[PDB]
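Two forms, one protein chain; C-alpha coordinates for each follow separately as structure 1 and structure 2.
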Structure 1
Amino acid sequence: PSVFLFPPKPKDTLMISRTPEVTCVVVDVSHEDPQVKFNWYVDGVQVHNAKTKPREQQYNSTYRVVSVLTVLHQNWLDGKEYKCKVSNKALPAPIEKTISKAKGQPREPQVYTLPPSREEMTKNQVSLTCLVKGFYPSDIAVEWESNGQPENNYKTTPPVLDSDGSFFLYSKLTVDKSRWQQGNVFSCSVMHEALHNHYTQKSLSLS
(Lines of atoms letter the chains of each structure in order from A and count residues from 1; the text may use other names and numbers.)
(Lines give C-alpha, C1' and ligand atoms only; values in the text may rest on other atoms or scores of the structure.)
Protein backbone atom coordinates (compact mmCIF):
# COMPACT_ATOMS: atom_id res chain seq x y z
CA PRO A 1 0.00 0.00 0.00
CA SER A 2 1.40 3.38 -1.08
CA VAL A 3 0.10 6.82 -0.07
CA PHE A 4 0.49 10.03 -2.09
CA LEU A 5 -0.31 13.50 -0.73
CA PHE A 6 -1.04 16.32 -3.22
CA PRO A 7 -1.03 20.04 -2.47
CA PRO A 8 -3.63 22.52 -3.74
CA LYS A 9 -3.29 24.07 -7.17
CA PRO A 10 -1.29 27.32 -6.73
CA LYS A 11 -4.11 29.32 -8.21
CA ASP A 12 -6.63 27.92 -5.71
CA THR A 13 -4.82 29.25 -2.65
CA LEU A 14 -4.55 32.74 -4.17
CA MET A 15 -8.21 33.42 -4.92
CA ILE A 16 -10.76 33.40 -2.12
CA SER A 17 -13.45 32.42 -4.61
CA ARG A 18 -11.58 29.27 -5.56
CA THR A 19 -11.54 26.02 -3.59
CA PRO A 20 -8.00 24.95 -2.61
CA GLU A 21 -7.71 21.31 -1.59
CA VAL A 22 -5.22 18.77 -0.26
CA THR A 23 -5.74 15.33 -1.78
CA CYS A 24 -4.72 12.07 -0.15
CA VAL A 25 -4.58 9.10 -2.47
CA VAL A 26 -3.81 5.52 -1.47
CA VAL A 27 -3.05 2.74 -3.95
CA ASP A 28 -2.19 -0.96 -3.81
CA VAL A 29 -4.93 -1.37 -1.25
CA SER A 30 -5.51 -5.09 -0.67
CA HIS A 31 -8.15 -6.48 -3.01
CA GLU A 32 -9.06 -8.76 -0.11
CA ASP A 33 -9.24 -6.20 2.68
CA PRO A 34 -10.17 -2.83 0.99
CA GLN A 35 -11.37 -1.16 4.20
CA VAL A 36 -9.28 1.98 4.49
CA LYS A 37 -9.44 4.45 7.36
CA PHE A 38 -8.41 8.12 6.95
CA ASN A 39 -7.47 10.61 9.71
CA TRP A 40 -6.53 14.20 8.88
CA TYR A 41 -4.59 16.66 10.98
CA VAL A 42 -3.78 20.33 10.62
CA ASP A 43 -0.69 21.18 12.65
CA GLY A 44 -1.15 17.91 14.51
CA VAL A 45 -4.81 18.51 15.32
CA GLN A 46 -8.08 16.65 14.64
CA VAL A 47 -7.84 12.83 14.88
CA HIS A 48 -11.59 13.32 15.28
CA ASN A 49 -13.13 12.96 11.81
CA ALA A 50 -13.78 16.44 10.47
CA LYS A 51 -14.51 17.75 6.99
CA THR A 52 -12.76 15.52 4.44
CA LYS A 53 -14.45 13.19 1.91
CA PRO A 54 -13.48 9.67 0.58
CA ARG A 55 -15.04 7.45 -2.18
CA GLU A 56 -13.22 4.30 -3.52
CA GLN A 57 -12.54 2.51 -6.84
CA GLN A 58 -11.32 -0.96 -8.02
CA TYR A 59 -8.30 -1.35 -10.36
CA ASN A 60 -5.84 -3.94 -11.78
CA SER A 61 -5.93 -6.42 -8.90
CA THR A 62 -6.20 -3.80 -6.18
CA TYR A 63 -8.16 -0.85 -4.85
CA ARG A 64 -7.52 2.89 -4.90
CA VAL A 65 -9.08 5.24 -2.35
CA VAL A 66 -9.04 9.04 -2.36
CA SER A 67 -9.82 11.52 0.39
CA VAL A 68 -9.97 15.27 -0.21
CA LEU A 69 -9.58 17.92 2.45
CA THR A 70 -10.66 21.46 1.70
CA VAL A 71 -8.15 23.87 3.14
CA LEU A 72 -8.60 27.48 4.12
CA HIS A 73 -6.64 29.92 1.97
CA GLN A 74 -4.94 31.74 4.86
CA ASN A 75 -4.28 28.48 6.69
CA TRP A 76 -2.22 27.30 3.76
CA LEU A 77 -0.51 30.64 3.23
CA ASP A 78 0.36 30.73 6.93
CA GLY A 79 2.25 27.46 6.57
CA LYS A 80 -0.02 25.01 8.37
CA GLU A 81 0.83 21.35 7.92
CA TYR A 82 -1.64 18.86 6.58
CA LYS A 83 -1.15 15.31 7.69
CA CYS A 84 -2.89 12.32 6.10
CA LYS A 85 -2.91 9.12 8.15
CA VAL A 86 -4.02 5.95 6.39
CA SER A 87 -4.90 2.71 8.13
CA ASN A 88 -5.66 -0.75 6.73
CA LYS A 89 -5.88 -4.07 8.59
CA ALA A 90 -3.65 -5.69 5.97
CA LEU A 91 -0.91 -3.30 7.06
CA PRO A 92 1.40 -3.41 10.09
CA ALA A 93 1.22 0.26 11.03
CA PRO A 94 -0.71 3.25 9.59
CA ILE A 95 1.02 5.30 6.88
CA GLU A 96 1.51 9.02 7.47
CA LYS A 97 2.23 11.79 4.96
CA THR A 98 2.31 15.52 5.62
CA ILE A 99 2.43 18.50 3.30
CA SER A 100 2.68 22.27 3.59
CA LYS A 101 3.84 25.34 1.70
CA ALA A 102 7.60 25.33 1.25
CA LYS A 103 9.25 27.06 4.24
CA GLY A 104 11.06 30.37 3.91
CA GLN A 105 10.16 34.04 3.46
CA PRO A 106 7.97 34.95 0.47
CA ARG A 107 9.77 37.04 -2.13
CA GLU A 108 7.93 39.17 -4.64
CA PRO A 109 8.16 38.03 -8.27
CA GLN A 110 9.64 40.42 -10.84
CA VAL A 111 7.79 40.25 -14.15
CA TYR A 112 9.26 41.48 -17.46
CA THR A 113 7.95 41.01 -20.97
CA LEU A 114 10.44 40.48 -23.78
CA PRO A 115 9.54 41.02 -27.45
CA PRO A 116 10.68 38.44 -30.02
CA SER A 117 14.24 38.63 -31.43
CA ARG A 118 14.59 40.47 -34.72
CA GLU A 119 16.08 37.34 -36.26
CA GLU A 120 12.87 35.46 -35.48
CA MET A 121 10.84 37.88 -37.61
CA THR A 122 11.68 35.91 -40.78
CA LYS A 123 9.38 33.21 -39.36
CA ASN A 124 5.59 33.03 -39.70
CA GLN A 125 5.11 32.79 -35.93
CA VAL A 126 7.01 34.74 -33.22
CA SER A 127 7.80 34.32 -29.50
CA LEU A 128 6.56 36.76 -26.84
CA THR A 129 8.51 36.22 -23.63
CA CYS A 130 7.47 36.77 -20.04
CA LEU A 131 10.21 36.48 -17.48
CA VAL A 132 9.29 35.89 -13.86
CA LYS A 133 12.16 35.93 -11.36
CA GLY A 134 13.04 36.51 -7.72
CA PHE A 135 9.94 34.76 -6.38
CA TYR A 136 9.47 32.38 -3.46
CA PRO A 137 7.97 29.89 -2.79
CA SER A 138 7.82 28.27 -6.22
CA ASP A 139 4.01 28.04 -6.23
CA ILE A 140 2.89 30.40 -8.97
CA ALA A 141 0.44 30.84 -11.86
CA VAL A 142 1.13 32.42 -15.24
CA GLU A 143 -1.22 33.09 -18.13
CA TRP A 144 -1.47 35.21 -21.27
CA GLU A 145 -4.09 37.49 -22.82
CA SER A 146 -4.35 39.85 -25.80
CA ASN A 147 -7.53 41.82 -25.20
CA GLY A 148 -9.74 40.38 -22.49
CA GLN A 149 -9.71 36.96 -24.11
CA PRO A 150 -7.17 34.41 -22.86
CA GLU A 151 -4.41 33.36 -25.26
CA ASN A 152 -3.89 29.61 -25.19
CA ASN A 153 -0.94 28.87 -27.45
CA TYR A 154 1.62 29.34 -24.70
CA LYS A 155 4.02 27.17 -22.71
CA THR A 156 5.67 27.88 -19.39
CA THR A 157 8.77 26.25 -18.00
CA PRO A 158 8.72 24.85 -14.48
CA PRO A 159 10.30 27.14 -11.88
CA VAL A 160 14.07 27.03 -11.59
CA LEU A 161 16.05 27.46 -8.39
CA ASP A 162 18.23 30.56 -8.79
CA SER A 163 21.51 31.56 -7.11
CA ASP A 164 19.96 33.88 -4.53
CA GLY A 165 17.74 30.99 -3.39
CA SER A 166 14.68 32.40 -5.17
CA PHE A 167 13.04 30.89 -8.26
CA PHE A 168 12.54 32.06 -11.82
CA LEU A 169 10.75 30.83 -14.93
CA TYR A 170 9.85 31.97 -18.42
CA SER A 171 6.61 31.69 -20.33
CA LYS A 172 6.46 31.57 -24.12
CA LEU A 173 3.47 32.87 -26.04
CA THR A 174 3.42 32.01 -29.74
CA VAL A 175 1.45 34.19 -32.16
CA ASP A 176 1.18 34.91 -35.87
CA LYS A 177 3.85 37.36 -37.03
CA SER A 178 0.96 39.40 -38.44
CA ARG A 179 -0.93 39.78 -35.14
CA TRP A 180 2.30 41.12 -33.68
CA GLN A 181 3.53 43.77 -36.10
CA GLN A 182 -0.10 44.77 -36.58
CA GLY A 183 0.17 46.31 -33.12
CA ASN A 184 -1.94 43.98 -30.99
CA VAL A 185 -1.16 44.11 -27.25
CA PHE A 186 -0.46 41.03 -25.12
CA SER A 187 0.10 40.53 -21.41
CA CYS A 188 1.12 37.74 -19.08
CA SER A 189 -0.71 37.54 -15.82
CA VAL A 190 1.18 36.26 -12.84
CA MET A 191 -0.39 35.08 -9.61
CA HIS A 192 1.79 34.73 -6.52
CA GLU A 193 1.11 35.18 -2.81
CA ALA A 194 3.81 37.85 -2.59
CA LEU A 195 2.06 40.11 -5.12
CA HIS A 196 -0.21 42.91 -3.87
CA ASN A 197 -3.56 41.26 -4.64
CA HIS A 198 -1.78 38.01 -5.50
CA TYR A 199 -1.87 39.20 -9.08
CA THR A 200 0.05 41.43 -11.44
CA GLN A 201 0.04 41.96 -15.19
CA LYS A 202 2.59 43.28 -17.68
CA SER A 203 1.79 44.38 -21.21
CA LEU A 204 3.68 43.55 -24.40
CA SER A 205 3.50 45.13 -27.85
CA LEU A 206 5.62 46.64 -30.63
CA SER A 207 5.91 50.40 -31.25
Structure 2
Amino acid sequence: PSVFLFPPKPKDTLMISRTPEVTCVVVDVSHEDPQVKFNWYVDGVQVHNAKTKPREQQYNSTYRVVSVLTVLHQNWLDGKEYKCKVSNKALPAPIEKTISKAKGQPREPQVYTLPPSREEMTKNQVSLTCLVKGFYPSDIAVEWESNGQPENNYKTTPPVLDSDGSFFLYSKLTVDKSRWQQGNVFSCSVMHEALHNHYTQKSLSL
Protein backbone atom coordinates (compact mmCIF):
# COMPACT_ATOMS: atom_id res chain seq x y z
CA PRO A 1 0.00 0.00 0.00
CA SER A 2 1.26 3.43 -0.99
CA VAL A 3 -0.13 6.93 -0.30
CA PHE A 4 0.60 9.83 -2.66
CA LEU A 5 -0.33 13.36 -1.51
CA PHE A 6 -0.80 16.09 -4.14
CA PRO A 7 -0.71 19.92 -3.90
CA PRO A 8 -3.26 22.35 -5.48
CA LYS A 9 -2.78 23.86 -8.91
CA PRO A 10 -0.49 26.94 -8.75
CA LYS A 11 -3.01 29.06 -10.65
CA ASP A 12 -5.78 28.04 -8.23
CA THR A 13 -3.96 29.18 -5.15
CA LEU A 14 -3.19 32.53 -6.75
CA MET A 15 -6.74 33.68 -7.67
CA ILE A 16 -9.39 33.98 -4.94
CA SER A 17 -11.82 33.40 -7.80
CA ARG A 18 -10.67 29.76 -7.96
CA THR A 19 -10.75 26.64 -5.78
CA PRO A 20 -7.59 24.97 -4.57
CA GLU A 21 -7.43 21.39 -3.29
CA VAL A 22 -4.99 18.87 -1.85
CA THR A 23 -5.36 15.33 -3.23
CA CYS A 24 -4.48 12.25 -1.23
CA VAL A 25 -4.27 9.02 -3.24
CA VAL A 26 -3.91 5.41 -2.11
CA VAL A 27 -2.77 2.46 -4.19
CA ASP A 28 -2.52 -1.28 -3.60
CA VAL A 29 -5.39 -1.52 -1.12
CA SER A 30 -6.10 -5.15 -0.16
CA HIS A 31 -8.76 -6.45 -2.52
CA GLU A 32 -9.73 -8.39 0.63
CA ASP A 33 -10.04 -5.70 3.33
CA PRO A 34 -10.91 -2.66 1.13
CA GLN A 35 -12.29 -0.60 4.04
CA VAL A 36 -10.19 2.58 4.34
CA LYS A 37 -10.18 5.48 6.83
CA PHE A 38 -8.80 8.97 6.00
CA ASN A 39 -7.66 11.67 8.40
CA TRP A 40 -6.84 15.26 7.45
CA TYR A 41 -5.06 17.68 9.77
CA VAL A 42 -4.32 21.35 9.02
CA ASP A 43 -1.15 22.43 10.83
CA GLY A 44 -1.96 19.78 13.39
CA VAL A 45 -5.65 20.14 14.01
CA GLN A 46 -7.83 17.58 12.26
CA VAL A 47 -10.44 18.81 9.84
CA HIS A 48 -11.45 15.25 8.96
CA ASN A 49 -14.70 16.84 7.75
CA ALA A 50 -13.64 20.28 6.43
CA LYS A 51 -15.75 19.33 3.43
CA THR A 52 -13.36 16.46 2.71
CA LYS A 53 -14.50 13.97 0.04
CA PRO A 54 -13.52 10.47 -1.43
CA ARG A 55 -14.99 7.37 -3.29
CA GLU A 56 -13.84 3.72 -3.88
CA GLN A 57 -12.35 2.36 -7.16
CA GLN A 58 -11.56 -1.27 -8.11
CA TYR A 59 -8.45 -1.61 -10.29
CA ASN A 60 -5.44 -3.88 -10.82
CA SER A 61 -6.79 -6.73 -8.69
CA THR A 62 -6.42 -4.11 -6.00
CA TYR A 63 -8.21 -0.89 -5.03
CA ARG A 64 -7.59 2.83 -5.41
CA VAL A 65 -9.04 5.61 -3.24
CA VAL A 66 -9.06 9.34 -3.76
CA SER A 67 -9.76 11.95 -1.07
CA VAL A 68 -9.87 15.68 -1.70
CA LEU A 69 -9.51 18.45 0.86
CA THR A 70 -10.47 21.94 -0.18
CA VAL A 71 -7.92 24.50 0.93
CA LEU A 72 -8.07 28.18 1.81
CA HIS A 73 -5.98 30.40 -0.45
CA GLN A 74 -4.45 32.42 2.38
CA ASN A 75 -4.07 29.19 4.33
CA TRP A 76 -1.99 27.69 1.58
CA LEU A 77 0.12 30.78 0.84
CA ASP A 78 0.67 31.53 4.53
CA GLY A 79 2.30 28.10 4.53
CA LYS A 80 -0.10 25.95 6.55
CA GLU A 81 0.80 22.25 6.73
CA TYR A 82 -1.60 19.56 5.55
CA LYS A 83 -1.48 15.93 6.67
CA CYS A 84 -3.21 12.83 5.27
CA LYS A 85 -3.54 9.82 7.60
CA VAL A 86 -4.79 6.72 5.81
CA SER A 87 -5.66 3.73 8.02
CA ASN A 88 -6.57 0.18 6.95
CA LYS A 89 -7.25 -3.04 8.84
CA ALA A 90 -4.94 -4.97 6.49
CA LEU A 91 -2.13 -2.64 7.49
CA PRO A 92 0.13 -2.67 10.59
CA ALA A 93 -0.06 0.99 11.53
CA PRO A 94 -1.57 3.72 9.35
CA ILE A 95 0.41 5.79 6.86
CA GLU A 96 0.92 9.56 7.08
CA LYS A 97 2.03 11.95 4.34
CA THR A 98 2.26 15.72 4.86
CA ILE A 99 2.61 18.60 2.41
CA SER A 100 2.87 22.42 2.38
CA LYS A 101 3.66 25.09 -0.24
CA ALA A 102 7.42 25.35 -1.02
CA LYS A 103 8.97 26.96 2.05
CA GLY A 104 11.26 30.00 1.73
CA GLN A 105 11.76 33.78 1.57
CA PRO A 106 9.55 34.94 -1.38
CA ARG A 107 10.96 36.92 -4.30
CA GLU A 108 9.00 39.19 -6.63
CA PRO A 109 9.70 38.17 -10.22
CA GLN A 110 10.97 40.70 -12.79
CA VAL A 111 9.10 40.48 -16.12
CA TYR A 112 10.80 41.47 -19.36
CA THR A 113 9.28 41.34 -22.82
CA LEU A 114 11.66 41.06 -25.77
CA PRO A 115 10.77 41.54 -29.47
CA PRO A 116 11.91 39.01 -32.08
CA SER A 117 15.53 39.04 -33.29
CA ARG A 118 16.51 41.30 -36.15
CA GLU A 119 17.52 38.04 -37.84
CA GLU A 120 14.36 36.00 -37.33
CA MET A 121 12.50 38.47 -39.53
CA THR A 122 13.55 36.43 -42.53
CA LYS A 123 11.06 33.76 -41.43
CA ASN A 124 7.28 33.93 -41.84
CA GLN A 125 6.58 33.67 -38.13
CA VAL A 126 8.41 35.36 -35.28
CA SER A 127 9.04 34.78 -31.57
CA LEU A 128 7.95 37.09 -28.79
CA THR A 129 9.98 36.24 -25.69
CA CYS A 130 9.03 36.91 -22.09
CA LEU A 131 11.90 36.81 -19.64
CA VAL A 132 10.64 36.21 -16.12
CA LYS A 133 13.29 35.99 -13.44
CA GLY A 134 14.26 36.50 -9.81
CA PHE A 135 11.29 34.67 -8.35
CA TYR A 136 10.78 32.24 -5.48
CA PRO A 137 9.09 29.87 -4.97
CA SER A 138 8.79 28.14 -8.33
CA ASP A 139 4.99 27.90 -8.27
CA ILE A 140 4.34 30.29 -11.16
CA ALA A 141 2.16 30.84 -14.27
CA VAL A 142 2.57 32.76 -17.55
CA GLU A 143 0.02 33.30 -20.37
CA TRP A 144 -0.06 35.44 -23.53
CA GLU A 145 -2.85 37.62 -25.03
CA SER A 146 -3.61 40.08 -27.88
CA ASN A 147 -6.94 41.49 -26.67
CA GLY A 148 -10.09 39.92 -25.26
CA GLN A 149 -8.75 36.51 -26.28
CA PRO A 150 -5.60 34.60 -25.25
CA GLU A 151 -2.94 33.91 -27.88
CA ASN A 152 -2.92 30.22 -28.68
CA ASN A 153 0.62 29.51 -29.97
CA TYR A 154 3.14 29.69 -27.10
CA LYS A 155 5.16 27.38 -24.88
CA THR A 156 6.76 28.17 -21.54
CA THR A 157 9.83 26.43 -20.23
CA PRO A 158 9.89 24.99 -16.72
CA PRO A 159 11.53 26.96 -13.88
CA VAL A 160 15.33 26.79 -13.85
CA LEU A 161 17.25 27.34 -10.62
CA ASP A 162 19.64 30.24 -11.10
CA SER A 163 22.93 31.00 -9.37
CA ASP A 164 21.28 33.11 -6.67
CA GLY A 165 18.88 30.44 -5.46
CA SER A 166 16.21 32.23 -7.47
CA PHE A 167 14.36 30.83 -10.49
CA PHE A 168 13.86 32.28 -13.96
CA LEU A 169 12.04 31.01 -17.05
CA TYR A 170 11.18 32.05 -20.57
CA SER A 171 7.90 31.96 -22.41
CA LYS A 172 7.86 32.07 -26.18
CA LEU A 173 4.84 33.25 -28.15
CA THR A 174 4.90 32.34 -31.85
CA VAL A 175 3.12 34.93 -34.06
CA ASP A 176 2.80 35.55 -37.80
CA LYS A 177 5.38 38.16 -38.69
CA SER A 178 2.34 39.92 -40.17
CA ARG A 179 0.35 40.47 -36.98
CA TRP A 180 3.62 41.75 -35.48
CA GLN A 181 4.55 44.29 -38.16
CA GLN A 182 0.93 45.34 -38.56
CA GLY A 183 1.15 46.80 -35.07
CA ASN A 184 -0.72 44.53 -32.68
CA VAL A 185 0.18 44.42 -29.01
CA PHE A 186 0.66 41.26 -27.04
CA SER A 187 0.84 40.83 -23.31
CA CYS A 188 2.87 38.54 -21.08
CA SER A 189 0.81 37.73 -17.96
CA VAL A 190 2.36 36.42 -14.75
CA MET A 191 0.64 35.10 -11.64
CA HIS A 192 3.07 34.63 -8.82
CA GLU A 193 3.11 34.65 -5.08
CA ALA A 194 5.40 37.66 -4.73
CA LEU A 195 3.40 39.89 -7.07
CA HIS A 196 1.21 42.72 -5.89
CA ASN A 197 -2.05 40.93 -6.64
CA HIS A 198 -0.19 37.73 -7.31
CA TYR A 199 -0.41 39.19 -10.77
CA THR A 200 1.34 41.43 -13.26
CA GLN A 201 1.36 42.20 -16.94
CA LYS A 202 4.03 43.29 -19.42
CA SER A 203 3.30 44.51 -22.96
CA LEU A 204 4.96 43.94 -26.36
CA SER A 205 4.36 45.75 -29.64
CA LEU A 206 6.24 46.71 -32.82
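Residue indices: 1-based, along structure 1. Rigid core (definition): largest C-alpha set, two forms, superposition within 1.5 Å.
- Message: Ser100: after superposing the rigid core, is there a C-alpha shift of 2 Å or more between structure 1 and structure 2?
- Response: Stays below the 2 Å threshold, so no.
- Message: Rigid core aligned, does the Cα position of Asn75 differ by 2 Å or more between structure 1 and structure 2?
- Response: Shift of 2 Å or more: no.
- Message: Given a core-based superposition, decide whether the C-alpha of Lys51 shifts by 2 Å or more between structure 1 and structure 2.
- Response: Passes the 2 Å threshold, so yes.
- Message: Core superposed first, then measure: what is the displacement of the CA of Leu161 between structure 1 and structure 2, in Å?
- Response: Here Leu161 registers a C-alpha shift of 1.1 Å.
- Message: Once the core is aligned, what is the C-alpha displacement of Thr19 between structure 1 and structure 2? Give it in Å to one decimal.
- Response: A shift of 0.3 Å at the C-alpha.
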